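Below: work.cif (mmCIF, C-alpha atoms)
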data_structure
loop_
_atom_site.label_atom_id
_atom_site.label_comp_id
_atom_site.auth_asym_id
_atom_site.auth_seq_id
_atom_site.Cartn_x
_atom_site.Cartn_y
_atom_site.Cartn_z
CA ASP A 1 -61.96 -21.12 47.95
CA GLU A 2 -61.30 -21.64 44.23
CA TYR A 3 -61.73 -18.10 42.84
CA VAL A 4 -60.48 -16.37 45.99
CA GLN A 5 -56.83 -17.16 45.28
CA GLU A 6 -56.73 -16.33 41.56
CA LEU A 7 -57.64 -12.69 42.21
CA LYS A 8 -54.20 -12.25 43.77
CA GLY A 9 -52.86 -12.70 40.24
CA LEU A 10 -55.61 -10.90 38.33
CA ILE A 11 -55.60 -7.49 40.03
CA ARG A 12 -51.79 -7.30 39.72
CA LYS A 13 -52.38 -6.23 36.09
CA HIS A 14 -52.71 -2.60 37.14
CA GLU A 15 -53.21 5.35 44.01
CA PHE A 16 -55.30 2.90 46.06
CA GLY A 17 -52.22 1.40 47.65
CA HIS A 18 -53.74 0.62 51.05
CA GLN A 19 -56.91 -0.82 49.51
CA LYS A 20 -54.88 -2.84 47.01
CA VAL A 21 -52.79 -4.31 49.84
CA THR A 22 -55.82 -5.10 52.01
CA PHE A 23 -57.31 -6.78 48.93
CA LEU A 24 -54.16 -8.85 48.36
CA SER A 25 -54.18 -9.94 52.03
CA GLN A 26 -57.74 -11.26 52.42
CA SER A 27 -67.02 -13.68 53.84
CA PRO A 28 -65.50 -10.16 53.42
CA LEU A 29 -64.25 -10.77 49.86
CA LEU A 30 -67.41 -9.54 48.13
CA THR A 31 -67.57 -6.44 50.33
CA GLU A 32 -63.94 -5.45 49.78
CA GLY A 33 -64.23 -6.20 46.06
CA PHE A 34 -67.27 -3.97 45.65
CA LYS A 35 -65.58 -1.31 47.78
CA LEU A 36 -62.48 -1.41 45.56
CA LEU A 37 -64.60 -1.23 42.40
CA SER A 38 -66.57 1.74 43.74
CA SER A 39 -63.34 3.46 44.82
CA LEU A 40 -61.64 3.01 41.46
CA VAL A 41 -64.64 4.17 39.44
CA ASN B 1 -61.92 3.75 33.46
CA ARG B 2 -58.56 5.10 32.30
CA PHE B 3 -56.19 3.05 34.48
CA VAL B 4 -54.77 0.35 32.19
CA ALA B 5 -57.27 -0.65 29.50
CA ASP B 6 -60.82 -2.03 29.79
CA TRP B 7 -59.59 -5.25 31.44
CA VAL B 8 -59.92 -5.15 35.23
CA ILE B 9 -63.24 -3.32 35.39
CA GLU B 10 -65.97 -5.70 34.21
CA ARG B 11 -64.11 -9.01 34.57
CA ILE B 12 -63.61 -8.36 38.29
CA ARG B 13 -67.30 -7.56 38.81
CA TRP B 14 -68.33 -10.61 36.77
CA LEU B 15 -66.12 -12.94 38.79
CA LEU B 16 -67.35 -11.28 42.00
CA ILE B 17 -70.99 -11.99 41.21
CA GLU B 18 -69.85 -15.46 40.13
CA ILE B 19 -68.34 -15.98 43.60
CA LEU B 20 -71.61 -14.73 45.09
CA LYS B 21 -73.40 -17.34 42.98
CA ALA B 22 -70.99 -19.99 44.26
CA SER B 23 -71.21 -18.85 47.89
CA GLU B 24 -78.47 -12.21 51.21
CA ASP B 25 -81.58 -12.41 49.01
CA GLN B 26 -82.64 -8.93 47.91
CA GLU B 27 -79.07 -7.61 47.71
CA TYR B 28 -77.77 -10.75 46.01
CA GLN B 29 -80.33 -9.93 43.30
CA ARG B 30 -79.64 -6.18 43.33
CA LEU B 31 -75.94 -6.77 42.66
CA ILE B 32 -76.67 -8.65 39.43
CA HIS B 33 -79.78 -6.71 38.34
CA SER B 34 -77.82 -3.46 38.59
CA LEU B 35 -75.30 -4.34 35.85
CA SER B 36 -75.98 -6.44 32.77
CA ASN B 37 -76.22 -3.77 30.11
CA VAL B 38 -79.39 -1.73 30.63
CA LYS B 39 -82.04 -4.32 29.84
CA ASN B 40 -80.69 -7.85 30.25
CA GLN B 41 -82.81 -9.29 33.09
CA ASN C 1 -46.16 -4.10 24.10
CA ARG C 2 -48.79 -5.45 26.48
CA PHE C 3 -48.01 -3.42 29.62
CA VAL C 4 -50.68 -0.71 29.79
CA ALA C 5 -51.85 0.31 26.31
CA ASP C 6 -49.88 1.70 23.34
CA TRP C 7 -49.01 4.91 25.23
CA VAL C 8 -45.53 4.79 26.75
CA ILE C 9 -43.81 2.97 23.91
CA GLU C 10 -43.53 5.37 20.96
CA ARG C 11 -44.09 8.66 22.78
CA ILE C 12 -41.06 7.99 24.99
CA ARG C 13 -38.84 7.20 22.00
CA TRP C 14 -40.13 10.26 20.14
CA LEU C 15 -39.40 12.58 23.06
CA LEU C 16 -36.01 10.90 23.51
CA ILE C 17 -34.95 11.62 19.94
CA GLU C 18 -36.43 15.10 20.44
CA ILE C 19 -34.11 15.59 23.43
CA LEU C 20 -31.24 14.34 21.28
CA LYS C 21 -32.22 16.97 18.70
CA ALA C 22 -32.25 19.61 21.45
CA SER C 23 -28.96 18.44 22.99
CA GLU C 24 -22.59 11.80 18.16
CA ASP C 25 -23.04 12.03 14.39
CA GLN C 26 -23.50 8.56 12.90
CA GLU C 27 -25.39 7.23 15.94
CA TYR C 28 -27.50 10.38 16.28
CA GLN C 29 -28.65 9.58 12.73
CA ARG C 30 -28.97 5.83 13.33
CA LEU C 31 -31.33 6.41 16.26
CA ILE C 32 -33.81 8.31 14.08
CA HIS C 33 -33.28 6.39 10.82
CA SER C 34 -34.01 3.13 12.64
CA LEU C 35 -37.63 4.03 13.54
CA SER C 36 -39.99 6.14 11.48
CA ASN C 37 -42.22 3.49 9.98
CA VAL C 38 -40.25 1.45 7.44
CA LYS C 39 -39.67 4.06 4.75
CA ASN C 40 -39.94 7.59 6.15
CA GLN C 41 -36.42 9.01 5.66
#
Let me see whether you can do it: turn the structure in this file into structure tokens.
Amino acid sequence: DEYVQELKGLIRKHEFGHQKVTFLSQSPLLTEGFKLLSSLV
Amino acid sequence: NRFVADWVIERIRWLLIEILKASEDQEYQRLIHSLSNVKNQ
Amino acid sequence: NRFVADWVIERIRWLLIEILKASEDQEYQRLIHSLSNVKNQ
């Protein structure tokens, strides 16, 4: 996991509080990322 | 988007498909075919 | 700034000096003389 950890510093440059937390605290990475993108847009 | 400015919208999707490249078949192609601009691949 | 984008930096100062206008003497003039562009008043 080389790009899994850096996201915890990338998304911080930003209310989807629960989704943001469950993204900061996690195979399911692509699914939650696409879910968060769809939710924000 | 109108959340911060044009920074965590496309970079996050690009790194997500990059992670997919690093680690399905028809959906793995749908996720990249769906967003290049309108025509790129 | 580099926090969100060019929105809450000058608007907040403008409304603050507007509140000062609505509600000292030398400092009340220093606060507005210090920031118009470089020359305006």
Output the residue selection produced by the PyMOL selection byres ((chain A) within 12 of (chain C)) on the file above, formatted as a short mmCIF file (atom, residue, chain, number, x, y, z; two decimals) with C-alpha atoms, in the coordinates of the input.
data_model
loop_
_atom_site.label_atom_id
_atom_site.label_comp_id
_atom_site.auth_asym_id
_atom_site.auth_seq_id
_atom_site.Cartn_x
_atom_site.Cartn_y
_atom_site.Cartn_z
CA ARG A 12 -51.79 -7.30 39.72
CA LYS A 13 -52.38 -6.23 36.09
CA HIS A 14 -52.71 -2.60 37.14
#
Quick one: of A:28, A:10, A:17, A:3, who's nearest to residue 40 in chain A, counting all atoms listed in the file? A:17
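Take CA of residue 7 in chain B and CA of residue 37 in chain C: the distance between them is 29.0 Å.
Rounded to one decimal, CA of residue 25 in chain A and CA of residue 15 in chain B lie 18.1 Å from each other.
Distance-wise, CA of residue 18 in chain A and CA of residue 30 in chain A end up 17.3 Å apart.
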Using all atoms listed in the file, pick whichever of C:19, C:39, C:6, C:24 has the shortest atom-to-atom distance to chain B.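 Looking at the shortest contact to chain B, the residue is C:6.
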Please list as a list in words every residue within 12 Å of residue 28 in chain B, counting all atoms listed in the file and excluding residues in the same chain fewer than 2 positions away.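 Residues meeting the cut-off are residues 30 and 31 of chain A; 16, 17, 18, 19, 20, 21, 22, 23, 24, 25, 26, 30, 31, 32, 33 and 34 of chain B.
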Starting from the shown file, work through the PyMOL selection byres ((chain A and resi 37) around 12) and note down what comes out as a short mmCIF file (atom, residue, chain, number, x, y, z; two decimals) with C-alpha atoms, in the frame of the given file.
data_model
loop_
_atom_site.label_atom_id
_atom_site.label_comp_id
_atom_site.auth_asym_id
_atom_site.auth_seq_id
_atom_site.Cartn_x
_atom_site.Cartn_y
_atom_site.Cartn_z
CA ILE A 11 -55.60 -7.49 40.03
CA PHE A 16 -55.30 2.90 46.06
CA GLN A 19 -56.91 -0.82 49.51
CA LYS A 20 -54.88 -2.84 47.01
CA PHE A 23 -57.31 -6.78 48.93
CA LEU A 30 -67.41 -9.54 48.13
CA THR A 31 -67.57 -6.44 50.33
CA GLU A 32 -63.94 -5.45 49.78
CA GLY A 33 -64.23 -6.20 46.06
CA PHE A 34 -67.27 -3.97 45.65
CA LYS A 35 -65.58 -1.31 47.78
CA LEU A 36 -62.48 -1.41 45.56
CA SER A 38 -66.57 1.74 43.74
CA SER A 39 -63.34 3.46 44.82
CA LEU A 40 -61.64 3.01 41.46
CA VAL A 41 -64.64 4.17 39.44
CA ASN B 1 -61.92 3.75 33.46
CA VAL B 8 -59.92 -5.15 35.23
CA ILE B 9 -63.24 -3.32 35.39
CA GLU B 10 -65.97 -5.70 34.21
CA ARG B 11 -64.11 -9.01 34.57
CA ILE B 12 -63.61 -8.36 38.29
CA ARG B 13 -67.30 -7.56 38.81
CA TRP B 14 -68.33 -10.61 36.77
CA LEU B 16 -67.35 -11.28 42.00
#
Determine the axis-aligned bounding box of all atoms of range 11-16 of chain A present in the file, pad each side by 4 Å, and express its centre and edge lengths in Å to one decimal place as lines of an AutoDock Vina configuration file.
center_x = -53.7
center_y = -1.1
center_z = 41.1
size_x = 11.8
size_y = 20.8
size_z = 18.0
